[PDB]
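Below: one structure, written as structure tokens.
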Protein chains: 2
Amino acid sequence: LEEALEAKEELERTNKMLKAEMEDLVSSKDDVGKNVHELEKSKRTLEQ
Amino acid sequence: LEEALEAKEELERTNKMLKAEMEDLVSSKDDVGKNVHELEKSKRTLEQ
């Protein structure tokens with residue numbers, strides 16, 4: 001039961017991850033502007 | 001244990017559903033080539 005619950009909790013973290021991915025994908029589908037370069041830059045510096 | 005396993009199986013059905021949603025979204029994005037959504041994905045994965 002402990003093993004099954006840990007597996008379920010891991011699966012819930014992956015589920016939530018995929019939900020966030022889906023939400024951000026539809027948000028990115030809804031509109032495209034110069035913002036994409038600013039968020040690219042802000043993360044590209046964060047690579048350092 | 002039976003209840004926990006059924007909950008895990010339901011969570012797996014939702015996981016598979018979100019995976020199918022993600023796949024269909026990327027398939028729809030392939031209609032207009034990678035340009036900003038690749039950068040926004042890179043932002044999310046880098047932040048993770």
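Labels used: A, B, ... for chains in the order of the structure tokens, numbers from 1 for residues in each chain, and numbers from 1 for ligands as shown.
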
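Placed on chain A by a least-squares fit of every C-alpha atom, chain B shows an RMSD of 4.6 Å.
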
Distance query residue B:11 at most 8 Å, only C-alpha atoms, self and fewer than 5 positions along chain excluded, as JSON, numbers by chain: {"A": [8, 11, 12, 15]}

With N, CA and C atoms retained, export the selected residues as an mmCIF file, in the first residue's frame.
```cif
data_model
loop_
_atom_site.group_PDB
_atom_site.id
_atom_site.type_symbol
_atom_site.label_atom_id
_atom_site.label_comp_id
_atom_site.auth_asym_id
_atom_site.auth_seq_id
_atom_site.Cartn_x
_atom_site.Cartn_y
_atom_site.Cartn_z
ATOM 1 N N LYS A 8 1.483 6.418 -6.872
ATOM 2 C CA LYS A 8 0.356 7.304 -7.155
ATOM 3 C C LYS A 8 0.751 8.767 -7.004
ATOM 4 N N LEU A 11 3.009 9.703 -9.868
ATOM 5 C CA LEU A 11 2.125 9.823 -11.022
ATOM 6 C C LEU A 11 1.310 11.117 -10.990
ATOM 7 N N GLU A 12 0.981 11.590 -9.782
ATOM 8 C CA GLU A 12 0.251 12.841 -9.585
ATOM 9 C C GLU A 12 1.145 14.042 -9.872
ATOM 10 N N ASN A 15 1.328 14.088 -13.597
ATOM 11 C CA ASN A 15 0.020 14.560 -14.055
ATOM 12 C C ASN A 15 -0.081 16.086 -13.985
#
```

Spatial neighbours of residue B:7, 12 Å, only C-alpha atoms, chain gap at least 6 places, as a PyMOL selection string: (chain A and resi 1+4-5+7-9+11-12) or (chain B and resi 1+13-14)

Export of the given selection (C-alpha atoms) as a JSON list (two decimals), in the first residue's frame:
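Output file result-v9.json is given in full below:
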```json
[["chain", "number", "residue", "atom", "x", "y", "z"],
["A", 1, "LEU", "CA", 0.00, 0.00, 0.00],
["A", 4, "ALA", "CA", 1.28, 1.98, -4.39],
["A", 5, "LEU", "CA", 0.66, 5.35, -2.69],
["A", 7, "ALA", "CA", 3.69, 5.42, -7.12],
["A", 8, "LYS", "CA", 0.36, 7.30, -7.16],
["A", 9, "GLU", "CA", 2.02, 10.43, -5.70],
["A", 11, "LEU", "CA", 2.13, 9.82, -11.02],
["A", 12, "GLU", "CA", 0.25, 12.84, -9.58],
["B", 1, "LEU", "CA", -5.16, -1.45, -1.27],
["B", 13, "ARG", "CA", -6.19, 7.24, -17.27],
["B", 14, "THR", "CA", -5.98, 11.02, -16.64]]
```

DSSP-assigned helix (DSSP H, G or I) among chain B, expressed as JSON, numbers by chain: {"B": [2, 3, 4, 5, 6, 7, 8, 9, 10, 11, 12, 13, 14, 15, 16, 17, 18, 19, 20, 21, 22, 23, 24, 25, 26, 27, 28, 29, 37, 38, 39, 40, 41, 42, 43, 44, 45, 46, 47]}

Store the residues picked out above, limited to N, CA, C and O atoms, as a short mmCIF file (atom, residue, chain, number, x, y, z; two decimals), in the first residue's frame.
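Listed below is the output, again_20.cif:
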```cif
data_model
loop_
_atom_site.label_atom_id
_atom_site.label_comp_id
_atom_site.auth_asym_id
_atom_site.auth_seq_id
_atom_site.Cartn_x
_atom_site.Cartn_y
_atom_site.Cartn_z
N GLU B 2 -7.03 -2.14 -2.68
CA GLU B 2 -7.87 -2.15 -3.89
C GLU B 2 -8.33 -0.73 -4.27
O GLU B 2 -8.31 -0.36 -5.45
N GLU B 3 -8.73 0.05 -3.26
CA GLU B 3 -9.14 1.45 -3.46
C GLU B 3 -7.98 2.32 -3.97
O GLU B 3 -8.16 3.14 -4.87
N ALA B 4 -6.79 2.13 -3.38
CA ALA B 4 -5.57 2.86 -3.76
C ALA B 4 -5.12 2.52 -5.19
O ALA B 4 -4.67 3.41 -5.93
N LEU B 5 -5.24 1.24 -5.56
CA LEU B 5 -4.90 0.76 -6.90
C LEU B 5 -5.88 1.28 -7.95
O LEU B 5 -5.47 1.61 -9.07
N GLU B 6 -7.17 1.34 -7.60
CA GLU B 6 -8.18 1.93 -8.48
C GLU B 6 -7.96 3.44 -8.66
O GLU B 6 -8.12 3.96 -9.76
N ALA B 7 -7.58 4.13 -7.58
CA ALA B 7 -7.23 5.55 -7.62
C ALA B 7 -6.00 5.80 -8.51
O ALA B 7 -5.96 6.77 -9.27
N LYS B 8 -5.01 4.91 -8.40
CA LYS B 8 -3.80 4.95 -9.22
C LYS B 8 -4.12 4.72 -10.71
O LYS B 8 -3.55 5.38 -11.58
N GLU B 9 -5.04 3.78 -10.98
CA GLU B 9 -5.47 3.45 -12.33
C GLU B 9 -6.26 4.61 -12.97
O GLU B 9 -6.09 4.90 -14.15
N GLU B 10 -7.12 5.26 -12.17
CA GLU B 10 -7.85 6.46 -12.59
C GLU B 10 -6.87 7.59 -12.91
O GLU B 10 -7.02 8.29 -13.92
N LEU B 11 -5.88 7.77 -12.04
CA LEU B 11 -4.82 8.77 -12.22
C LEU B 11 -3.98 8.49 -13.48
O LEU B 11 -3.50 9.43 -14.13
N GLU B 12 -3.82 7.20 -13.82
CA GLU B 12 -3.11 6.78 -15.02
C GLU B 12 -3.94 7.06 -16.28
O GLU B 12 -3.39 7.44 -17.30
N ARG B 13 -5.26 6.88 -16.19
CA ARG B 13 -6.19 7.24 -17.27
C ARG B 13 -6.15 8.75 -17.55
O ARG B 13 -6.13 9.17 -18.72
N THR B 14 -6.11 9.57 -16.49
CA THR B 14 -5.98 11.02 -16.64
C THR B 14 -4.60 11.43 -17.18
O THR B 14 -4.51 12.34 -18.01
N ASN B 15 -3.55 10.74 -16.73
CA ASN B 15 -2.19 10.93 -17.22
C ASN B 15 -2.09 10.67 -18.73
O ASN B 15 -1.52 11.47 -19.48
N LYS B 16 -2.65 9.53 -19.17
CA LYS B 16 -2.71 9.15 -20.58
C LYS B 16 -3.54 10.14 -21.40
O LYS B 16 -3.18 10.45 -22.54
N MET B 17 -4.64 10.63 -20.82
CA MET B 17 -5.48 11.65 -21.45
C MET B 17 -4.68 12.94 -21.71
O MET B 17 -4.71 13.47 -22.82
N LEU B 18 -3.97 13.41 -20.68
CA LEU B 18 -3.13 14.61 -20.79
C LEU B 18 -1.95 14.43 -21.76
O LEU B 18 -1.53 15.38 -22.43
N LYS B 19 -1.43 13.20 -21.84
CA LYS B 19 -0.39 12.85 -22.80
C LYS B 19 -0.92 12.94 -24.24
O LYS B 19 -0.25 13.48 -25.11
N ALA B 20 -2.13 12.42 -24.46
CA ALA B 20 -2.81 12.49 -25.76
C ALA B 20 -3.11 13.94 -26.16
O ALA B 20 -2.95 14.32 -27.32
N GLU B 21 -3.56 14.74 -25.18
CA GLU B 21 -3.79 16.18 -25.34
C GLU B 21 -2.51 16.89 -25.78
O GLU B 21 -2.52 17.68 -26.73
N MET B 22 -1.40 16.60 -25.09
CA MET B 22 -0.08 17.16 -25.39
C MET B 22 0.39 16.80 -26.81
O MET B 22 0.87 17.66 -27.55
N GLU B 23 0.24 15.52 -27.16
CA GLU B 23 0.61 15.00 -28.49
C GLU B 23 -0.20 15.67 -29.61
O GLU B 23 0.37 16.03 -30.64
N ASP B 24 -1.51 15.83 -29.40
CA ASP B 24 -2.38 16.48 -30.38
C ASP B 24 -2.08 17.98 -30.50
O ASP B 24 -2.16 18.55 -31.60
N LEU B 25 -1.71 18.61 -29.38
CA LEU B 25 -1.28 20.01 -29.36
C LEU B 25 0.00 20.24 -30.17
O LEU B 25 0.08 21.18 -30.96
N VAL B 26 1.01 19.38 -29.96
CA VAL B 26 2.27 19.47 -30.71
C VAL B 26 2.07 19.15 -32.20
O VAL B 26 2.68 19.77 -33.07
N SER B 27 1.19 18.18 -32.48
CA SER B 27 0.79 17.85 -33.85
C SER B 27 0.13 19.04 -34.55
O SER B 27 0.36 19.28 -35.73
N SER B 28 -0.70 19.79 -33.80
CA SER B 28 -1.34 21.01 -34.30
C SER B 28 -0.34 22.16 -34.50
O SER B 28 -0.46 22.93 -35.46
N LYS B 29 0.67 22.21 -33.62
CA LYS B 29 1.75 23.21 -33.70
C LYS B 29 2.67 22.98 -34.90
O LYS B 29 3.14 23.93 -35.52
N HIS B 37 7.36 28.75 -29.61
CA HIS B 37 6.90 27.70 -28.70
C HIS B 37 8.02 26.75 -28.26
O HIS B 37 7.98 26.21 -27.16
N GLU B 38 9.03 26.58 -29.12
CA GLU B 38 10.28 25.91 -28.77
C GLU B 38 11.05 26.68 -27.68
O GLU B 38 11.59 26.08 -26.76
N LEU B 39 11.07 28.02 -27.81
CA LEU B 39 11.73 28.90 -26.84
C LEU B 39 10.99 28.93 -25.50
O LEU B 39 11.61 28.98 -24.43
N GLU B 40 9.65 28.91 -25.56
CA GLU B 40 8.81 28.91 -24.37
C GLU B 40 8.89 27.54 -23.65
O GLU B 40 8.92 27.49 -22.41
N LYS B 41 9.00 26.44 -24.41
CA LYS B 41 9.29 25.12 -23.85
C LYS B 41 10.66 25.11 -23.15
O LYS B 41 10.79 24.62 -22.03
N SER B 42 11.68 25.65 -23.84
CA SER B 42 13.04 25.78 -23.31
C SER B 42 13.08 26.57 -21.99
O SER B 42 13.84 26.23 -21.07
N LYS B 43 12.23 27.60 -21.89
CA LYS B 43 12.07 28.40 -20.68
C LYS B 43 11.55 27.55 -19.52
O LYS B 43 12.11 27.63 -18.42
N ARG B 44 10.52 26.74 -19.78
CA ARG B 44 9.88 25.93 -18.74
C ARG B 44 10.80 24.80 -18.25
O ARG B 44 10.86 24.54 -17.04
N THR B 45 11.49 24.15 -19.20
CA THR B 45 12.37 23.03 -18.87
C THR B 45 13.62 23.52 -18.14
O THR B 45 14.07 22.87 -17.18
N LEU B 46 14.15 24.68 -18.57
CA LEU B 46 15.28 25.31 -17.90
C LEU B 46 14.92 25.74 -16.49
O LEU B 46 15.72 25.51 -15.58
N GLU B 47 13.73 26.34 -16.30
CA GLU B 47 13.29 26.76 -14.97
C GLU B 47 13.12 25.55 -14.04
O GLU B 47 13.44 25.62 -12.84
#
```
